[PDB]
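Enquirer: One structure follows; several queries about it will come next.
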Amino acid sequence: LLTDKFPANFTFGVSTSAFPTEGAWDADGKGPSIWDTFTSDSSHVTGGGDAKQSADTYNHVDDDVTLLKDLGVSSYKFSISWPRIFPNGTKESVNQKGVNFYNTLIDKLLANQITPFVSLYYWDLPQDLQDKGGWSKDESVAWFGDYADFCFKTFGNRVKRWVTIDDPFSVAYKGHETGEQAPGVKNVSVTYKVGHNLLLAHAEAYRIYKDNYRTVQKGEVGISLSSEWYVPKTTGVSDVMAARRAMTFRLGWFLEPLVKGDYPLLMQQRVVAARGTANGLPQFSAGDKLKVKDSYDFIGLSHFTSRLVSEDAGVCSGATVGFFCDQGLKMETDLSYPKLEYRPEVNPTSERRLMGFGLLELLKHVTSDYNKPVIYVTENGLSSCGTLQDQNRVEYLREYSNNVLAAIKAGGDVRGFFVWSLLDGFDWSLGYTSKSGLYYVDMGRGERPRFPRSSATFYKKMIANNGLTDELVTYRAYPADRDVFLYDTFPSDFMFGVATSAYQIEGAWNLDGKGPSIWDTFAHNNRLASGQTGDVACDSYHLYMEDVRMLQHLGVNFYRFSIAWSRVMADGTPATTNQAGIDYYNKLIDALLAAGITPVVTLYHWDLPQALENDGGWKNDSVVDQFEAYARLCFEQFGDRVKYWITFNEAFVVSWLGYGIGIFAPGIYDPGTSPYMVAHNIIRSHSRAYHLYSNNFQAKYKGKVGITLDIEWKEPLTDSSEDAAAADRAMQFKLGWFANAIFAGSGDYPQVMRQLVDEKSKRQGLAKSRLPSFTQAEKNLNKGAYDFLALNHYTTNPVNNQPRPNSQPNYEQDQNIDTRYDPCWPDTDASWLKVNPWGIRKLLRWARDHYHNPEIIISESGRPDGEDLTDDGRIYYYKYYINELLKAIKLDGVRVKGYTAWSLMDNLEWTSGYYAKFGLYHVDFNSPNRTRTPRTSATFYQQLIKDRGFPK
Ligand SMILES: *[C@@H]1O[C@H](CO[C@@H]2O[C@@H](C)[C@@H](O)[C@@H](O)[C@@H]2O)[C@@H](O[C@@H]2O[C@H](CO)[C@@H](O[C@@H]3O[C@H](CO)[C@@H](O)[C@H](O)[C@@H]3O)[C@H](O)[C@H]2NC(C)=O)[C@H](O[C@@H]2O[C@@H](C)[C@@H](O)[C@@H](O)[C@@H]2O)[C@H]1NC(C)=O
Ligand SMILES: *[C@@H]1O[C@H](CO)[C@@H](O[C@@H]2O[C@H](CO)[C@@H](O[C@@H]3O[C@H](CO)[C@@H](O)[C@H](O)[C@@H]3O)[C@H](O)[C@H]2NC(C)=O)[C@H](O[C@@H]2O[C@@H](C)[C@@H](O)[C@@H](O)[C@@H]2O)[C@H]1NC(C)=O
Ligand SMILES: *[C@@H]1O[C@H](CO)[C@@H](O)[C@H](O[C@@H]2O[C@@H](C)[C@@H](O)[C@@H](O)[C@@H]2O)[C@H]1NC(C)=O
């Protein structure tokens, strides 16, 4: 990479085109384009969807010009929509409201010192003109002339850089031969006639400008052409001339008519050789050659890729005519150059390659063979799945703009570089499956908010320094080791397990004297899917012996399950101790130990006995004593054989879902106060349960007590310091809510929660703050009240700052945050779970740094899949999350002592019923015997334990 400065009056720009970004497809009298009609057929668009709104730039001029001021670009390339100016294509349809929109944009651009670089035709052909033949017709030269003449006299007093036609190759070939772009015509005999008329339309536009508008307006008029760079597959003369021939058919098809005055002679000969003399390229009239030759002030170039070309006379057969059968060559991807996908294993055959040298050679070729024209790179950029930490785009922007510097030093007269693109949009036939903006656009929000990707920060800094600096040479958007797969084994101490839950597997909700749960009541109130209940579930009350055999087949070291409070105490009181309940858990513990499997017992999970919810449940404050007496009964009966206790599972869910929005049991909706009241007692219940164990049981039993908290990793949406503070704030409010008082050291809530809920409570007119206050004695009982930390981790979220100065009392509104999902993270059967393996690694270091380097167990990890036995999604998930877990141990030193896979078998997924299959075993819930069937994932997990990591 060169650290030289760009020339003095070099233009750093950025590009959009009307249809991918404007939206408002029929607002204010705009007529339909061929792309409106084309995209109305889902089969034409990858991933479906339409551009009826897309990025909605028609309604964001003020916001988008502010983004242009933030980058510091000198100029802005955009497109005028023909059907928005002339709804039916003719000058009689002139729509003043469409004229007003572009005037607003041009005026606002110049008020902020940004040069307009205006394109007249970026494929937006009005549907009415297509209905009468489109570009195949000789009338299209006149249609375009009247339309160009209008924009010249209407905007030309301010617009000084014009592009007649953008990428005629795609308009002709992709739009009329293969049909992949609008208007979807598939006719090999139309393409050369369309390119012919595009060149004639551009010439008529250039002629109109030179004679009627140039003397007064003093602007420039050019055309923009697209070209890949073609490197020969071998050094043989055959392939070197096949590569040069592909450059001729793709770029010289239009460049040679405008420079030399005719189609390239090589191109003329090849088509007549493959099609017949009656079917050659169109002939230019003597007057046509006069109008076309030298009809440019600059040449625009859009470049993206380099491909390998080799001679292939039999690339087609049986006289199958066509644009690429006339050339007699094949194109391949150069897999020798870095792949630009989200992760190393994504799409091995990818064409997105880091080949900046191709742009250097393209520019030098255009300078050498076409008499050194003025060049603007009007479009150059990388297509992504959409991530905002776009190291791939940063590398692309860094390398490719650096090869522009090399062309200028090699004599290339390149005066501008325009990045494709400014925002995300509807990338033609790729639809929304392809993102390219320096700014991400959230297409799930009506206002379509814009957010800078890391490439926006890079481009801003490079323009500020007029080239690269040492900081920009080595700049990275994320650490270089993030996606590297680590082949290694786990430490000797490391345990593998799987987990279940009492209400989700056991059944027998009222057999043998068991009292009812708040989840028995939730289910019997038809609050679960299809009125499905956990009345039988997997019948683990009767079939626990099957569970042990499955655990033996997996080879797990430990098995984490939960005790049902209502099964050992009918009403949650020792007065209702159910010896039958004691015996059931004694049988499960003994069968696990006889099989050499370590039992791990969760005390609570989520099934409070209804008798205690009647007295106020977790809001009642004596629940601290009630939970302590329940913990005592468990420590006495089972403490002799159970050596790892977990007090609570996902106290966040019990607090916010159960007592906040009331979607889980007990179903109380009070999002302002009760979640904090319940979490307060949970912290106080866990602390008293821990001290009861260390004071009265740890000496003789030598066990460890922990707590399990669920948490998504919280990644900043943007590299800004306000978004980094927002991400940490989202961590504190969900994980720190409980972990801070137990693990951080102060025995108290995170300072951010106390500051924020107090201040908002005061504005809302509340006598006391909605977040309770610990007594100094209570804080001291919280301090160090643990032996290990346990984390449930499934997914992550990008977070951004979002002040809410008028928010109502609400645990989520108190946080001043907003959440999204990275578009690159794959989906699962659950709308809230996205696959992001490195989230568990960043989460583990966060817990390590904030909680005094504790012993950590991952108590839950997994995803839903389909019902068939081949769950490749589950395997992909475990393969890479466990590898990221291994990285947190070996590479990061985090004291991770165990890993728990959710779940052992299909079970009742709370409100989602049995429709969400989470298990390594399939469970037939229509069988009375509830047969369990191992999936592919069970073998993969069993094999991974044997290997103790990842070998080779
Ligand atoms: C292209 O649009 C022009 C503007 O018309 C407006 O947009 C079109 C898409 C349509 O929605 C119209 O309703 C809009 O007004 C067309 O010109 C217009 O043509 C119409 C007739 O088609 C004409 O209406 C007539 O006006 C006379 C009085 O002058 C009245 O007695 C009639 O009853 C009827 O109302 C408009 O006045 C006229 N406007 C302008 C500015 O020209 C254009 O149509 C073509 O050109 C006009 C001059 C006539 O010769 C039409 O026969 C002819 O088709 C549209 N062109 C095409 C190819 O569709
Ligand atoms: C938390 O939940 C406990 C357990 O239910 C509540 O204690 C109970 O309060 C009931 C009243 O709400 C008591 O019932 C009354 O008992 C007396 C006899 O003592 C009868 O004469 C009378 O008619 C009622 O039946 C119940 O005895 C009591 N149970 C226990 C074990 O204490 C508790 O309520 C609160 O605390 C108790 C100690 C009393 O002071 C109650 O008046 C008070 O409301 C619940 N606490 C909260 C904050 O909801
Ligand atoms: C492909 O384009 C050529 C050149 O413009 C047309 O002449 C072809 O049309 C042919 O002639 C018409 C009258 C009709 O018979 C059509 O079926 C013929 O192929 C055109 N071909 C197609 C299929 O549209």
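Here's how to read the names in the structure tokens: chain A, B, ... by the order shown, residue numbers from 1 in each chain, ligand numbers from 1 in the order shown.
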Near residue 511 (chain A), counting only C-alpha atoms, which residues have an atom at most 12 Å away, once you skip same-chain residues fewer than 3 positions from it, shown as a count of residues only?

Expert: 18

Enquirer: Per residue of chain A within 6 Å of ligand 2, record the nearest atom pair and its distance in Å to one decimal, counting only C-alpha atoms and all ligand atoms, with rows in chain order and ascending residue number, as a tab-separated table.

Expert:
residue	atom	partner	partner_atom_place_in_ligand_line	distance
A:615	CA	ligand 2	2 (O)	4.0
A:616	CA	ligand 2	49 (O)	5.4
A:620	CA	ligand 2	47 (C)	4.7
A:622	CA	ligand 2	1 (C)	5.8

Enquirer: Please check which protein, DNA or RNA residues sit within 6 Å of ligand 3, counting only C-alpha atoms and all ligand atoms, and write them as a PyMOL selection string.

Expert: chain A and resi 187+189-190

Enquirer: Around ligand 1, at most 8 Å away and counting only C-alpha atoms and all ligand atoms, which residues are there? Put them as an mmCIF file with N, CA and C atoms, in the first residue's frame, please.

Expert:
data_model
loop_
_atom_site.group_PDB
_atom_site.id
_atom_site.type_symbol
_atom_site.label_atom_id
_atom_site.label_comp_id
_atom_site.auth_asym_id
_atom_site.auth_seq_id
_atom_site.Cartn_x
_atom_site.Cartn_y
_atom_site.Cartn_z
ATOM 1 N N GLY A 31 -44.752 7.896 -12.737
ATOM 2 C CA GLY A 31 -45.187 6.765 -13.523
ATOM 3 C C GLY A 31 -44.358 5.520 -13.262
ATOM 4 N N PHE A 86 -41.113 12.458 -16.410
ATOM 5 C CA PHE A 86 -42.086 12.236 -17.481
ATOM 6 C C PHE A 86 -42.825 10.933 -17.198
ATOM 7 N N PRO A 87 -43.935 10.979 -16.455
ATOM 8 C CA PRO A 87 -44.656 9.741 -16.105
ATOM 9 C C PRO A 87 -44.986 8.809 -17.269
ATOM 10 N N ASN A 88 -45.197 9.307 -18.488
ATOM 11 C CA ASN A 88 -45.384 8.409 -19.623
ATOM 12 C C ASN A 88 -44.237 8.462 -20.623
ATOM 13 N N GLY A 89 -43.119 9.101 -20.271
ATOM 14 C CA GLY A 89 -41.947 9.134 -21.116
ATOM 15 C C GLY A 89 -41.847 10.324 -22.046
ATOM 16 N N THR A 90 -42.957 10.991 -22.344
ATOM 17 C CA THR A 90 -42.980 12.135 -23.246
ATOM 18 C C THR A 90 -42.982 13.438 -22.452
ATOM 19 N N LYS A 91 -42.527 14.513 -23.110
ATOM 20 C CA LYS A 91 -42.406 15.814 -22.452
ATOM 21 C C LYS A 91 -43.755 16.416 -22.079
ATOM 22 N N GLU A 92 -44.850 15.912 -22.651
ATOM 23 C CA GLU A 92 -46.178 16.400 -22.305
ATOM 24 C C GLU A 92 -46.618 15.984 -20.909
ATOM 25 N N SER A 93 -45.940 15.020 -20.284
ATOM 26 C CA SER A 93 -46.319 14.508 -18.974
ATOM 27 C C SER A 93 -45.573 15.180 -17.826
ATOM 28 N N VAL A 94 -44.806 16.237 -18.104
ATOM 29 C CA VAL A 94 -43.887 16.824 -17.131
ATOM 30 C C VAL A 94 -44.554 17.023 -15.770
ATOM 31 N N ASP A 128 -44.279 3.007 -20.046
ATOM 32 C CA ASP A 128 -45.059 3.341 -21.235
ATOM 33 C C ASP A 128 -44.205 3.267 -22.494
#

Enquirer: For residue 287 (chain A), which residue among A:849, A:305, A:200, A:554 is the nearest when counting only C-alpha atoms?

Expert: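 Smallest separation from residue 287 (chain A) among the options: A:200.
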
Enquirer: Residues within 7 Å of region 386-391 of chain A, please, as a compact mmCIF listing (two decimals) with N, CA, C and O atoms, in the first residue's frame. Count only C-alpha atoms; anything in the same chain fewer than 3 positions from it doesn't count.

Expert:
# COMPACT_ATOMS: atom_id res chain seq x y z
N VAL A 394 -13.92 -2.40 4.37
CA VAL A 394 -12.78 -1.53 4.66
C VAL A 394 -11.57 -1.97 3.86
O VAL A 394 -10.89 -1.16 3.23
N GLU A 395 -11.30 -3.28 3.84
CA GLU A 395 -10.19 -3.78 3.04
C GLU A 395 -10.41 -3.48 1.56
O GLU A 395 -9.48 -3.05 0.86
N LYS A 435 -26.14 -5.91 0.52
CA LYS A 435 -25.95 -4.58 1.08
C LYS A 435 -24.61 -4.03 0.60
O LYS A 435 -23.64 -4.78 0.48
N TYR A 440 -25.57 1.58 6.88
CA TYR A 440 -26.61 0.56 6.96
C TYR A 440 -27.97 1.23 7.10
O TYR A 440 -28.10 2.31 7.68
N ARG A 453 -21.56 2.32 9.01
CA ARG A 453 -20.71 1.15 9.13
C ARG A 453 -19.27 1.59 9.37
O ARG A 453 -18.93 2.77 9.24
N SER A 454 -18.42 0.63 9.72
CA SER A 454 -17.03 0.97 10.00
C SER A 454 -16.36 1.58 8.77
O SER A 454 -15.43 2.39 8.91
N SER A 455 -16.84 1.22 7.58
CA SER A 455 -16.30 1.80 6.35
C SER A 455 -16.59 3.30 6.26
O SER A 455 -15.81 4.04 5.66
N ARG A 476 -8.49 -1.92 11.61
CA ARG A 476 -9.38 -3.07 11.57
C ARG A 476 -10.71 -2.71 12.22
O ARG A 476 -10.77 -1.88 13.13
N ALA A 477 -11.79 -3.33 11.73
CA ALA A 477 -13.12 -3.14 12.30
C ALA A 477 -13.40 -4.07 13.46
O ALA A 477 -14.17 -3.72 14.36
N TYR A 478 -12.82 -5.26 13.45
CA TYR A 478 -12.90 -6.20 14.56
C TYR A 478 -11.56 -6.92 14.65
O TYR A 478 -10.76 -6.86 13.71
N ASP A 822 -27.72 -8.20 13.55
CA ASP A 822 -26.83 -8.14 12.40
C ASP A 822 -27.42 -8.97 11.26
O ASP A 822 -27.72 -10.15 11.45
N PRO A 823 -27.61 -8.39 10.07
CA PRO A 823 -28.22 -9.15 8.96
C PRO A 823 -27.41 -10.36 8.51
O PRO A 823 -27.95 -11.21 7.78
N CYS A 824 -26.14 -10.46 8.93
CA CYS A 824 -25.28 -11.58 8.56
C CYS A 824 -25.46 -12.79 9.46
O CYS A 824 -25.10 -13.91 9.05

Enquirer: Give me, as a list in words, the residues of region 608-754 of chain A that a backbone DSSP run labels strand (DSSP E or B).

Expert: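 So, restricting region 608-754 of chain A to strand (DSSP E or B), we get residues 609, 644, 645, 646, 647, 648, 649, 661, 669, 704, 705, 706, 707, 708, 709, 710, 713, 714, 715 and 716 of chain A.
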
Enquirer: Give the answer as one residue: which of A:940, A:296, A:561, A:925 has the shortest atom-to-atom distance to residue 257 (chain A), using only C-alpha atoms?

Expert: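 Going through A:940, A:296, A:561, A:925 one by one, the smallest distance to residue 257 (chain A) is for A:296.
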
Enquirer: If we count only C-alpha atoms and set the cut-off at 8 Å, which residues sit around residue 50 (chain A), ignoring sequence neighbours fewer than 3 positions away in its own chain? Please answer as a list in words.

Expert: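 With the cut-off at 8 Å, the set is residues 39, 40, 53, 54, 426 and 431 of chain A.
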